[PDB]
Amino acid sequence: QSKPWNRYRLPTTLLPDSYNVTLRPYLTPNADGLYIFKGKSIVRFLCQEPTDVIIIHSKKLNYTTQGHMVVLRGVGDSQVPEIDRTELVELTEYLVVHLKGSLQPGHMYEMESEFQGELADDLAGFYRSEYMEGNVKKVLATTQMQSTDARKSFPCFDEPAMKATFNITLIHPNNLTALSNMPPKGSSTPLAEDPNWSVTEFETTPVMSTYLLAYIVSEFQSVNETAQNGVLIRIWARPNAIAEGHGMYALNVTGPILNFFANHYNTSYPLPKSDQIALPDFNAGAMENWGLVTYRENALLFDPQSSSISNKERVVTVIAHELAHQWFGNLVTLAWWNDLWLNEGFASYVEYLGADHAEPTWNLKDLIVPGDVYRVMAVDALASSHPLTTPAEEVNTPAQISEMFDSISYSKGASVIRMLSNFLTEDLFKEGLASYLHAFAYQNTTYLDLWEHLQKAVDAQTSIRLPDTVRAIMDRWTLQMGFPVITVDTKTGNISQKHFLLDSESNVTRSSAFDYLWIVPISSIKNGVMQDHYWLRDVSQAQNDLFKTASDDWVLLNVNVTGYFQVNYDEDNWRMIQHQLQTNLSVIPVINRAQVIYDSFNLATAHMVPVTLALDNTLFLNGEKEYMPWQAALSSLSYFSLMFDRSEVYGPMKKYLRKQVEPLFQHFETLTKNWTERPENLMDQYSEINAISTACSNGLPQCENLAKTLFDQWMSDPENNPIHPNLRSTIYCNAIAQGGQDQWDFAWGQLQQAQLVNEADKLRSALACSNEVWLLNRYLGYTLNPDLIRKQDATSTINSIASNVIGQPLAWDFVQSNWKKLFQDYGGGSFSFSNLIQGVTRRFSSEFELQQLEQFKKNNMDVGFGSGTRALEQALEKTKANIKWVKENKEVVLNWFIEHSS
Ligand SMILES: *[C@@H]1O[C@H](CO)[C@@H](O[C@@H]2O[C@H](CO)[C@@H](O[C@@H]3O[C@H](CO)[C@@H](O)[C@H](O)[C@H]3NC(C)=O)[C@H](O)[C@H]2NC(C)=O)[C@H](O)[C@H]1NC(C)=O
Ligand SMILES: *[C@@H]1O[C@H](CO)[C@@H](O[C@@H]2O[C@H](CO)[C@@H](O[C@@H]3O[C@H](CO)[C@@H](O)[C@H](O)[C@H]3NC(C)=O)[C@H](O)[C@H]2NC(C)=O)[C@H](O)[C@H]1NC(C)=O
Ligand SMILES: *[C@@H]1O[C@H](CO)[C@@H](O[C@@H]2O[C@H](CO)[C@@H](O[C@@H]3O[C@H](CO)[C@@H](O)[C@H](O)[C@H]3NC(C)=O)[C@H](O)[C@H]2NC(C)=O)[C@H](O)[C@H]1NC(C)=O
Ligand SMILES: *[C@@H]1O[C@H](CO)[C@@H](O[C@@H]2O[C@H](CO)[C@@H](O)[C@H](O)[C@H]2NC(C)=O)[C@H](O)[C@H]1NC(C)=O
Ligand SMILES: *[C@@H]1O[C@H](CO)[C@@H](O[C@@H]2O[C@H](CO)[C@@H](O)[C@H](O)[C@H]2NC(C)=O)[C@H](O)[C@H]1NC(C)=O
Ligand SMILES: *[C@@H]1O[C@H](CO)[C@@H](O[C@@H]2O[C@H](CO)[C@@H](O)[C@H](O)[C@H]2NC(C)=O)[C@H](O)[C@H]1NC(C)=O
Ligand SMILES: *[C@@H]1O[C@H](CO)[C@@H](O[C@@H]2O[C@H](CO)[C@@H](O)[C@H](O)[C@H]2NC(C)=O)[C@H](O)[C@H]1NC(C)=O
Ligand SMILES: *[C@@H]1O[C@H](CO)[C@@H](O[C@@H]2O[C@H](CO)[C@@H](O)[C@H](O)[C@H]2NC(C)=O)[C@H](O)[C@H]1NC(C)=O
Ligand SMILES: *[C@@H]1O[C@H](CO)[C@@H](O[C@@H]2O[C@H](CO)[C@@H](O)[C@H](O)[C@H]2NC(C)=O)[C@H](O)[C@H]1NC(C)=O
Ligand SMILES: *[C@@H]1O[C@H](CO)[C@@H](O)[C@H](O)[C@H]1NC(C)=O
Ligand SMILES: *[C@@H]1O[C@H](CO)[C@@H](O)[C@H](O)[C@H]1NC(C)=O
Ligand SMILES: [Zn+2]
């Protein structure tokens with residue numbers, strides 16, 4: 001038999017009841033420059049099955065406990081066995097307490113320890129974060145337990161189902177504020193041994209998972225609101241950020257969001273208070289710690305004076321996402337990491353619902369389609385994809401756990417759950433969801449538990465009828481990878497499904513229990529009129545008159561793309577759809593106007609329609625005012641720009657896009673009153689942003705003029721920037737492009753003195769738009785100077801230069817030549833050679849450029865490629881694919897653009 005301390009999963013012989021944890025960060029280094037934290041903990045646990053060994057998680061902790069690493073006591077009048085020895089097993093991250101006798105079933109024990117670890121700047125466990133206020137480097141102490149890092153802060157049974165209550169105490173400098181999951185018990189008191197420190201105890205948590213604990217010591221201040229029901233709401237940030245009002249939007253939306261979810265979940269917010277904190281350079285983005293959610297600054301803070309509308313959208317949705325978890329994930333927790341998709345998928349879906357409550361005019365629910373659905377289909381339409389579900393017994397190590405957090409989990413998770421809610425109807429979905437939350441509150445679940453509760457709700461009504469059980473249906477979408485293309489022959493109404501792969505030559509080797517057949521919910525509209533709903537059963541082919549048309553009619557499947565699939569038609573039907581969009585576009589829902597474009601380009605890639613059919617699907621856009629369909633086109637064509645923008649194809653492409661976008665440009669010119677005032681709602685602001693971007697980058701003289709006027713204006717009065725934050729990135733870029741070193745030097749100055757990251761980002765990126773070789777090269781010369789360009793921004797800046805058709809050869813030469821600086825930057829901070837390689841080689845699409853990539857690889861003898869080693873092979877393989885796609889497409893595409901550019 002194997003020794004349990006060499007297994008990655010904990011025994012089930014002992015379960016925790018409750019913990020006391022006292023942590024003390026030392027925010028002053030020890031002289032060799034080491035930061036530490038000290039801790040003391042007691043865990044009370046119950047013996048379920050007799051055992052002579054206590055196995056608990058511990059990671060990078062030194063123990064200073066008197067005697068062995070722990071002291072062990074009986075609770076009440078329980079006797080305790082003597083300890084034989086305590087040992088640390090690093091691989092499985094265990095503290096192992098060998099006893100001289102056995103613990104007894106039904107008895108409770110208390111295990112006490114004293115310990116310390118590094119308070120490292122490593123964003124893991126209890127860690128430090130350094131940042132600037134004026135001339136002073138500030139250091140705060142914060143946490144990130146997700147997923148398996150609670151054990152790095154104190155010894156604990158560190159699996160999500162082993163829930164317990166926690167009594168947290170922080171010992172901290174007396175002028176700093178201490179925060180945790182729960183409110184403080186009362187006022188802090190001086191530490192007797194050194195009154196320069198204070199002691200803050202927090203109220204007992206509810207029964208909860210280790211990965212959701214948080215505790216923070218900082219100088220941060222807050223804005224506050226007390227909801228009607230007494231729930232205290234705070235936004236925490238740097239003193240200067242709070243003073244500038246940058247927390248106000250977050251504060252504005254939080255209350256409405258929490259209220260939405262309490263109703264949505266039919267369950268009261270389970271905590272006395274809600275803290276949200278903006279952390280500078282929090283690389284994890286956001287973390288849903290129960291009652292103390294952490295965010296990176298740019299995710300939580302908003303500056304009205306400098307920030308675009310998309311910045312506002314990012315804030316409200318990120319908040320909605322993390323707050324969703326305060327019920328789904330935190331109150332009811334998935335028993336194991338193999339089910340992470342359900343948790344993350346669920347939040348990734350309802351983030352739109354919660355945000356929609358806060359901003360009900362913005363139509364935010366739509367954004368899941370571009371943002372998650374089409375995003376994840378790009379990777380789920382590969383042979384190298386994977387099922388949402390993973391057997392629990394395959395997910396053991398901290399590395400395997402981390403692999404759970406990917407695109408499939410979040411975005412497909414969101415997509416399939418949204419499909420589910422839609423085919424059940426939302427009211428039914430909510431009833432099952434409430435039932436599930438009430439049944440399992442403060443406990444753990446698998447996805448089968450959710451299915452079971454949804455089934456209960458289905459079985460309790462008569463109106464919604466399904467072709468099979470909730471499980472059986474969802475099994476098709478969760479146990480196998482990928483998704484079907486549904487193809488309709490409208491002459492007969494024959495309808496088929498096959499596993500959709502972008503690469504029509506690809507070999508799938510992952511087998512499916514279902515032979516890649518799905519049970520598919522199919523909505524459809526015929527001549528602008530909703531039809532009866534239809535289910536494709538697990539068959540390759542079927543027939544229904546729902547999908548059979550006359551010659552003047554059209555049909556269109558998957559209304560609003562609720563279903564996780566793409567749709568192809570016979571050419572006649574495609575043409576009727578096209579005719580419709582050409583003559584009265586408003587007959588077809590805006591999301592579907594986008595879909596037509598998204599799907600057909602994917603179908604063209606897969607060789608299932610000709611590419612010209614996809615391009616025909618953009619012809620209607622000259623009368624399209626709305627954001628989404630235009631965004632579908634821009635996303636689908638960016639590859640065409642990337643392949644062709646150095647070729648004869650490019651002039652007719654530009655000309656075609658100029659023709660298409662001119663009327664939209666004109667529309668907004670009037671609507672915005674000569675560009676003085678933005679459109680009202682989000683979608684229209686977005687459409688305007690894209691229209692100006694598209695107009696300018698394609699050389700519409702009117703947009704070019706606008707950019708010069710505004711940038712000249714700004715330059716004549718630097719302190720009063722006349723350019724609305726929504727339009728900044730285009731106007732900066734186009735105007736630098738048009739100009740010389742005057743514009744360039746001016747924007748360089750602004751960059752150097754910018755206080756706000758986002759504005760710095762815009763400037764950095766616009767500077768790459770110059771059409772002077774000498775400026776781009778000089779600029780390249782700065783990117784490795786950490787005085788002029790932050791290191792974490794160097795490869796980004798190089799990529800932006802590479803993106804400039806003129807800066808392509810300059811960047812490539814620069815990367816080649818200074819590659820001999822992996823050995824400055826695999827050592828001194830990561831660097832992401834991987835993203836740099838992809839960026840600078842993205843364009844490569846000929847034999848000659850392939851020969852160059854090869855010849856550059858012949859610098860294998862030493863230096864190698866570091867974290868970009870795999871990227872470089874991807875590059876050579878992507879280039880081969882580009883070579884092949886350009887030979888197949890260049891002629892057909894050139895002539896289509898010539899033909900349609902007037
Ligand atoms: C986990 O932390 C809890 C909070 O520190 C502990 O509970 C507290 O124990 C204290 C003493 O052990 C009690 O404080 C006072 O101490 C005096 C000492 O002279 C005692 O007489 C008193 O009982 C007590 N105060 C009063 C008003 O009587 C606290 O009563 C108590 N706090 C609580 C219960 O909220 C837990 O003991 C500790 N857990 C373990 C396993 O050690
Ligand atoms: C947890 O305990 C670890 C093992 O006891 C500590 O790791 C040791 O850190 C020492 C530095 O504190 C290093 O030893 C020497 O330190 C002296 C002065 O600090 C220096 O003169 C030497 O350069 C250094 N010796 C060497 C060979 O570098 C040890 O490197 C290191 N030992 C091991 C086995 O890793 C941790 O510091 C300690 N952590 C905490 C938070 O308490
Ligand atoms: C958090 O919510 C607050 C309350 O809803 C918002 O406060 C609103 O700020 C608006 C922008 O500053 C103000 O709108 C207009 O500002 C112009 C500029 O001077 C004035 O001419 C207008 O008179 C004024 N509004 C009106 C209706 O005349 C609002 O005054 C103000 N609304 C309220 C109710 O106080 C915050 O904007 C919001 N914070 C963020 C970051 O979104
Ligand atoms: C954490 O604090 C809580 C709340 O004070 C402690 O809960 C008490 O537990 C004791 C001993 O089990 C019971 O007698 C009390 O009735 C509990 N009080 C409440 C309000 O539940 C809990 O024991 C503490 N945890 C640890 C490990 O000491
Ligand atoms: C908390 O107290 C510490 C110690 O007095 C203050 O930290 C000093 O701040 C000054 C600037 O005012 C620096 O020049 C010192 O080097 C700091 N010392 C240390 C160890 O950081 C700190 O400013 C106080 N913070 C608050 C919010 O009151
Ligand atoms: C959970 O939902 C139930 C059902 O809507 C709520 O209870 C209903 O509340 C309405 C509101 O006036 C009453 O008229 C109904 O008679 C109630 N139905 C039942 C079965 O009691 C309940 O308020 C919700 N709970 C939470 C915490 O949101
Ligand atoms: C994981 O969650 C399950 C429920 O999904 C917990 O099992 C329940 O425990 C409660 C309260 O102690 C009992 O009332 C139920 O009868 C149990 N349901 C079961 C066993 O199916 C289980 O305790 C949780 N696991 C851990 C380690 O806490
Ligand atoms: C639509 O589907 C039907 C089958 O369900 C196809 O009709 C069959 O054609 C085969 C040709 O070998 C005949 O042997 C069968 O007897 C036909 N079944 C009938 C007529 O009911 C038809 O070809 C399909 N048409 C499409 C996909 O355009
Ligand atoms: C398709 O999505 C659109 C939104 O893009 C839905 O239109 C919404 O309809 C509801 C009910 O009338 C209204 O609350 C919203 O005002 C509508 N928004 C807009 C922008 O029109 C439409 O309901 C969806 N269609 C289907 C069949 O689900
Ligand atoms: C897939 O197997 C086929 C055999 O039909 C082979 O021709 C092809 O090269 C293989 N690999 C790819 C990526 O197409
Ligand atoms: C276009 O269709 C919409 C929705 O069916 C309708 O209300 C509108 O009258 C139509 N417009 C024209 C110009 O026919
Ligand atoms: Zn999440």
# chains A, B, ... in the order shown; residues from 1 in each chain; ligands from 1

$ residues_around --residues "region 448-458 of chain A" --least-positions-apart "4" --cutoff "7 Å" --atoms "only C-alpha atoms" --output "PyMOL selection string"
chain A and resi 428-429+431-433+435-436+470-471

$ residues_around --residues "residue 6 (chain A)" --least-positions-apart "2" --cutoff "9 Å" --atoms "only C-alpha atoms" --output "list in words"
residues 2, 3, 4, 8, 89, 91, 92 and 94 of chain A

$ write_last_selection --atoms "N, CA, C and O atoms" --output "mmCIF file, in the first residue's frame"
data_model
loop_
_atom_site.group_PDB
_atom_site.id
_atom_site.type_symbol
_atom_site.label_atom_id
_atom_site.label_comp_id
_atom_site.auth_asym_id
_atom_site.auth_seq_id
_atom_site.Cartn_x
_atom_site.Cartn_y
_atom_site.Cartn_z
ATOM 1 N N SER A 2 0.444 2.340 -0.615
ATOM 2 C CA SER A 2 1.185 3.614 -0.530
ATOM 3 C C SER A 2 0.871 4.364 0.776
ATOM 4 O O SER A 2 -0.181 4.179 1.385
ATOM 5 N N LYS A 3 1.851 5.155 1.236
ATOM 6 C CA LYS A 3 1.694 5.897 2.487
ATOM 7 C C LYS A 3 0.825 7.114 2.154
ATOM 8 O O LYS A 3 1.027 7.752 1.114
ATOM 9 N N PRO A 4 -0.184 7.397 2.988
ATOM 10 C CA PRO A 4 -1.133 8.468 2.635
ATOM 11 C C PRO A 4 -0.461 9.848 2.447
ATOM 12 O O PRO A 4 -0.922 10.648 1.633
ATOM 13 N N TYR A 8 -1.656 12.867 -3.108
ATOM 14 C CA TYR A 8 -2.018 14.296 -3.232
ATOM 15 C C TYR A 8 -3.341 14.710 -2.602
ATOM 16 O O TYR A 8 -3.466 15.874 -2.234
ATOM 17 N N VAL A 89 6.580 16.983 4.362
ATOM 18 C CA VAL A 89 6.726 16.278 3.084
ATOM 19 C C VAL A 89 6.463 17.286 1.985
ATOM 20 O O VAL A 89 5.278 17.643 1.716
ATOM 21 N N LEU A 91 6.710 17.488 -1.372
ATOM 22 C CA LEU A 91 6.161 17.253 -2.686
ATOM 23 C C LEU A 91 4.620 17.384 -2.675
ATOM 24 O O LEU A 91 4.030 18.086 -3.476
ATOM 25 N N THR A 92 3.993 16.710 -1.747
ATOM 26 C CA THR A 92 2.571 16.735 -1.550
ATOM 27 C C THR A 92 2.132 17.846 -0.583
ATOM 28 O O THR A 92 0.957 17.941 -0.214
ATOM 29 N N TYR A 94 2.623 18.682 2.684
ATOM 30 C CA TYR A 94 2.015 18.200 3.908
ATOM 31 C C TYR A 94 2.862 18.468 5.142
ATOM 32 O O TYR A 94 4.103 18.365 5.114
#

$ select_by_dssp --residues "region 364-576 of chain A" --states "alpha helix (DSSP H)" --output "MDAnalysis selection string"
chainID A and resid 368 374:380 398:402 407 413:424 426:440 447:459 470:478 571:576

$ atom_distance --atom1 "CA of residue 221 (chain A)" --atom2 "CA of residue 321 (chain A)"
23.5 Å

$ closest_residue --among "A:633, A:760, A:683, A:171" --to "residue 189 (chain A)" --atoms "only C-alpha atoms"
A:171

$ atom_distance --atom1 "CA of residue 341 (chain A)" --atom2 "CA of residue 388 (chain A)"
6.4 Å

$ residues_around --residues "region 619-631 of chain A" --least-positions-apart "5" --cutoff "8 Å" --atoms "only C-alpha atoms" --output "list in words"
residues 370, 578, 581, 582, 585, 590, 591, 593, 594, 595, 597, 659, 660, 661, 662, 663, 664, 683, 684, 686, 687, 688 and 690 of chain A

$ write_last_selection --atoms "N, CA, C and O atoms" --output "compact mmCIF listing (two decimals), in the first residue's frame"
# COMPACT_ATOMS: atom_id res chain seq x y z
N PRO A 370 -20.04 38.11 -28.63
CA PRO A 370 -18.67 38.37 -29.04
C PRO A 370 -17.67 38.03 -27.97
O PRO A 370 -16.61 37.47 -28.26
N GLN A 578 -28.93 37.76 -47.22
CA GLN A 578 -28.24 38.93 -47.76
C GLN A 578 -29.20 40.00 -48.33
O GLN A 578 -29.14 41.18 -47.96
N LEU A 581 -30.92 41.84 -45.49
CA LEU A 581 -30.04 42.77 -44.77
C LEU A 581 -29.73 43.99 -45.62
O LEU A 581 -29.44 45.10 -45.10
N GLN A 582 -29.79 43.79 -46.93
CA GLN A 582 -29.60 44.91 -47.86
C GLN A 582 -30.79 45.86 -47.93
O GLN A 582 -30.60 47.03 -48.26
N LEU A 585 -32.78 45.80 -42.74
CA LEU A 585 -31.90 44.99 -41.87
C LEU A 585 -32.54 44.73 -40.52
O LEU A 585 -32.24 43.75 -39.85
N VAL A 590 -30.17 42.18 -34.15
CA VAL A 590 -28.82 42.66 -34.30
C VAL A 590 -27.75 41.57 -34.01
O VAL A 590 -26.78 41.45 -34.71
N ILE A 591 -28.01 40.72 -33.03
CA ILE A 591 -27.06 39.67 -32.70
C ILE A 591 -26.93 38.74 -33.90
O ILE A 591 -25.82 38.31 -34.26
N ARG A 593 -27.49 39.51 -37.11
CA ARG A 593 -26.78 40.21 -38.13
C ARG A 593 -25.28 40.01 -37.96
O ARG A 593 -24.53 39.96 -38.95
N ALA A 594 -24.83 39.91 -36.70
CA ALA A 594 -23.45 39.64 -36.39
C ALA A 594 -23.08 38.19 -36.68
O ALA A 594 -22.04 37.89 -37.27
N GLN A 595 -23.96 37.28 -36.26
CA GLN A 595 -23.77 35.85 -36.39
C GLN A 595 -23.48 35.42 -37.84
O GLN A 595 -22.56 34.61 -38.12
N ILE A 597 -22.12 36.96 -40.11
CA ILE A 597 -20.73 37.30 -40.42
C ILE A 597 -19.74 36.40 -39.66
O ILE A 597 -18.80 35.85 -40.27
N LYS A 659 -15.55 52.69 -48.43
CA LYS A 659 -16.89 52.79 -48.97
C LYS A 659 -17.92 52.35 -47.92
O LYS A 659 -18.96 52.98 -47.76
N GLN A 660 -17.62 51.26 -47.21
CA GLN A 660 -18.57 50.69 -46.27
C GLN A 660 -18.79 51.57 -45.05
O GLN A 660 -19.90 51.70 -44.57
N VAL A 661 -17.74 52.17 -44.57
CA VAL A 661 -17.78 52.85 -43.30
C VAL A 661 -18.09 54.35 -43.44
O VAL A 661 -18.41 55.04 -42.45
N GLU A 662 -18.04 54.86 -44.66
CA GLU A 662 -18.21 56.31 -44.83
C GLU A 662 -19.58 56.79 -44.32
O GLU A 662 -19.64 57.74 -43.54
N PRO A 663 -20.67 56.11 -44.72
CA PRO A 663 -22.00 56.51 -44.25
C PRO A 663 -22.19 56.47 -42.74
O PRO A 663 -22.86 57.35 -42.17
N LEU A 664 -21.59 55.47 -42.08
CA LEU A 664 -21.58 55.42 -40.61
C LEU A 664 -20.82 56.61 -40.03
O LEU A 664 -21.30 57.26 -39.11
N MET A 683 -23.67 50.63 -26.58
CA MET A 683 -23.53 50.02 -27.87
C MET A 683 -23.27 51.04 -28.95
O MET A 683 -22.43 50.84 -29.80
N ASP A 684 -23.95 52.18 -28.87
CA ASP A 684 -23.76 53.21 -29.86
C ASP A 684 -22.45 53.94 -29.71
O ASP A 684 -21.82 54.30 -30.71
N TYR A 686 -19.80 52.41 -28.65
CA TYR A 686 -18.90 51.43 -29.17
C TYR A 686 -18.92 51.50 -30.69
O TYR A 686 -17.86 51.38 -31.31
N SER A 687 -20.10 51.64 -31.28
CA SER A 687 -20.17 51.70 -32.73
C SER A 687 -19.42 52.90 -33.25
O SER A 687 -18.64 52.78 -34.19
N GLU A 688 -19.62 54.04 -32.62
CA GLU A 688 -18.87 55.24 -32.93
C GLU A 688 -17.36 55.02 -32.81
O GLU A 688 -16.59 55.44 -33.67
N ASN A 690 -15.65 52.31 -33.11
CA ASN A 690 -15.22 51.44 -34.21
C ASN A 690 -15.29 52.14 -35.57
O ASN A 690 -14.42 51.92 -36.42

$ closest_atom_pairs --of "chain A" --to "ligand 8" --cutoff "12 Å" --atoms "only C-alpha atoms and all ligand atoms" --output "JSON lines"
{"residue": "A:487", "atom": "CA", "partner": "ligand 8", "partner_atom_place_in_ligand_line": "27 (C)", "distance": 9.6}
{"residue": "A:488", "atom": "CA", "partner": "ligand 8", "partner_atom_place_in_ligand_line": "27 (C)", "distance": 8.5}
{"residue": "A:489", "atom": "CA", "partner": "ligand 8", "partner_atom_place_in_ligand_line": "28 (O)", "distance": 6.0}
{"residue": "A:490", "atom": "CA", "partner": "ligand 8", "partner_atom_place_in_ligand_line": "28 (O)", "distance": 8.5}
{"residue": "A:491", "atom": "CA", "partner": "ligand 8", "partner_atom_place_in_ligand_line": "28 (O)", "distance": 7.1}
{"residue": "A:492", "atom": "CA", "partner": "ligand 8", "partner_atom_place_in_ligand_line": "28 (O)", "distance": 6.0}
{"residue": "A:493", "atom": "CA", "partner": "ligand 8", "partner_atom_place_in_ligand_line": "1 (C)", "distance": 7.6}
{"residue": "A:494", "atom": "CA", "partner": "ligand 8", "partner_atom_place_in_ligand_line": "1 (C)", "distance": 5.0}
{"residue": "A:495", "atom": "CA", "partner": "ligand 8", "partner_atom_place_in_ligand_line": "27 (C)", "distance": 7.4}
{"residue": "A:496", "atom": "CA", "partner": "ligand 8", "partner_atom_place_in_ligand_line": "27 (C)", "distance": 8.2}
{"residue": "A:497", "atom": "CA", "partner": "ligand 8", "partner_atom_place_in_ligand_line": "27 (C)", "distance": 11.7}
{"residue": "A:539", "atom": "CA", "partner": "ligand 8", "partner_atom_place_in_ligand_line": "5 (O)", "distance": 11.4}
{"residue": "A:540", "atom": "CA", "partner": "ligand 8", "partner_atom_place_in_ligand_line": "5 (O)", "distance": 10.5}
{"residue": "A:541", "atom": "CA", "partner": "ligand 8", "partner_atom_place_in_ligand_line": "5 (O)", "distance": 7.3}
{"residue": "A:542", "atom": "CA", "partner": "ligand 8", "partner_atom_place_in_ligand_line": "5 (O)", "distance": 6.5}
{"residue": "A:543", "atom": "CA", "partner": "ligand 8", "partner_atom_place_in_ligand_line": "2 (O)", "distance": 6.7}
{"residue": "A:544", "atom": "CA", "partner": "ligand 8", "partner_atom_place_in_ligand_line": "1 (C)", "distance": 10.0}
{"residue": "A:545", "atom": "CA", "partner": "ligand 8", "partner_atom_place_in_ligand_line": "1 (C)", "distance": 11.6}
{"residue": "A:547", "atom": "CA", "partner": "ligand 8", "partner_atom_place_in_ligand_line": "1 (C)", "distance": 11.8}
{"residue": "A:548", "atom": "CA", "partner": "ligand 8", "partner_atom_place_in_ligand_line": "28 (O)", "distance": 10.8}
{"residue": "A:569", "atom": "CA", "partner": "ligand 8", "partner_atom_place_in_ligand_line": "28 (O)", "distance": 11.3}
{"residue": "A:570", "atom": "CA", "partner": "ligand 8", "partner_atom_place_in_ligand_line": "28 (O)", "distance": 9.5}

$ write_last_selection --atoms "C-alpha atoms" --output "PDB file, in the first residue's frame"
ATOM      1  CA  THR A 487     -26.214  22.773 -41.833  1.00  0.00           C
ATOM      2  CA  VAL A 488     -29.670  23.455 -43.332  1.00  0.00           C
ATOM      3  CA  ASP A 489     -30.832  22.668 -46.884  1.00  0.00           C
ATOM      4  CA  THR A 490     -33.847  24.978 -47.082  1.00  0.00           C
ATOM      5  CA  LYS A 491     -35.036  23.305 -50.329  1.00  0.00           C
ATOM      6  CA  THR A 492     -35.993  20.172 -48.357  1.00  0.00           C
ATOM      7  CA  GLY A 493     -35.722  21.284 -44.747  1.00  0.00           C
ATOM      8  CA  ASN A 494     -33.094  18.597 -44.235  1.00  0.00           C
ATOM      9  CA  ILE A 495     -30.885  19.498 -41.269  1.00  0.00           C
ATOM     10  CA  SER A 496     -27.603  17.934 -40.212  1.00  0.00           C
ATOM     11  CA  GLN A 497     -24.965  18.180 -37.483  1.00  0.00           C
ATOM     12  CA  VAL A 539     -28.767  11.920 -35.089  1.00  0.00           C
ATOM     13  CA  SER A 540     -26.559  12.984 -38.026  1.00  0.00           C
ATOM     14  CA  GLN A 541     -29.558  14.032 -40.025  1.00  0.00           C
ATOM     15  CA  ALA A 542     -33.158  14.875 -39.744  1.00  0.00           C
ATOM     16  CA  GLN A 543     -35.911  16.801 -41.455  1.00  0.00           C
ATOM     17  CA  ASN A 544     -38.473  19.372 -40.503  1.00  0.00           C
ATOM     18  CA  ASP A 545     -40.684  21.758 -42.431  1.00  0.00           C
ATOM     19  CA  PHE A 547     -36.482  24.680 -42.098  1.00  0.00           C
ATOM     20  CA  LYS A 548     -37.950  24.397 -45.621  1.00  0.00           C
ATOM     21  CA  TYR A 569     -27.215  27.109 -45.182  1.00  0.00           C
ATOM     22  CA  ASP A 570     -27.539  26.352 -48.886  1.00  0.00           C
TER      23      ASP A 570
END

$ select_by_dssp --residues "region 565-687 of chain A" --states "strand (DSSP E or B)" --output "PyMOL selection string"
chain A and resi 566-569

$ write_last_selection --atoms "C-alpha atoms" --output "PDB file, in the first residue's frame"
ATOM      1  CA  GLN A 566     -22.673  27.598 -35.759  1.00  0.00           C
ATOM      2  CA  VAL A 567     -25.052  27.505 -38.717  1.00  0.00           C
ATOM      3  CA  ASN A 568     -24.590  26.972 -42.438  1.00  0.00           C
ATOM      4  CA  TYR A 569     -27.215  27.109 -45.182  1.00  0.00           C
TER       5      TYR A 569
END

$ residues_near_ligand --ligand "ligand 11" --cutoff "12 Å" --atoms "only C-alpha atoms and all ligand atoms" --output "MDAnalysis selection string"
chainID A and resid 527:529 580:590

$ atom_distance --atom1 "CA of residue 537 (chain A)" --atom2 "CA of residue 486 (chain A)"
12.1 Å

$ residues_around --residues "residue 102 (chain A)" --least-positions-apart "6" --cutoff "8 Å" --atoms "only C-alpha atoms" --output "MDAnalysis selection string"
chainID A and resid 50:53 81

$ residues_around --residues "residue 702 (chain A)" --least-positions-apart "6" --cutoff "10 Å" --atoms "only C-alpha atoms" --output "list in words"
residues 662, 665, 666, 669, 692, 695 and 696 of chain A

$ closest_residue --among "A:343, A:670, A:560, A:113" --to "residue 411 (chain A)" --atoms "only C-alpha atoms"
A:343

$ residues_near_ligand --ligand "ligand 6" --cutoff "10 Å" --atoms "only C-alpha atoms and all ligand atoms" --output "ChimeraX atom specification"
/A:259,261-269,430-431,434-435,438

$ write_last_selection --atoms "C-alpha atoms" --output "compact mmCIF listing (two decimals), in the first residue's frame"
# COMPACT_ATOMS: atom_id res chain seq x y z
CA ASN A 259 -29.61 43.47 -4.75
CA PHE A 261 -28.26 38.69 -7.02
CA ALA A 262 -30.14 38.36 -3.69
CA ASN A 263 -33.33 38.37 -5.76
CA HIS A 264 -31.87 36.32 -8.62
CA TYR A 265 -30.72 33.61 -6.28
CA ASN A 266 -33.74 33.94 -4.04
CA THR A 267 -31.19 34.06 -1.20
CA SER A 268 -30.10 36.86 1.09
CA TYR A 269 -26.48 38.07 0.83
CA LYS A 430 -33.99 30.30 -11.36
CA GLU A 431 -36.30 27.96 -9.51
CA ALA A 434 -32.74 28.56 -5.76
CA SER A 435 -33.58 25.01 -4.83
CA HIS A 438 -31.03 26.34 -0.42
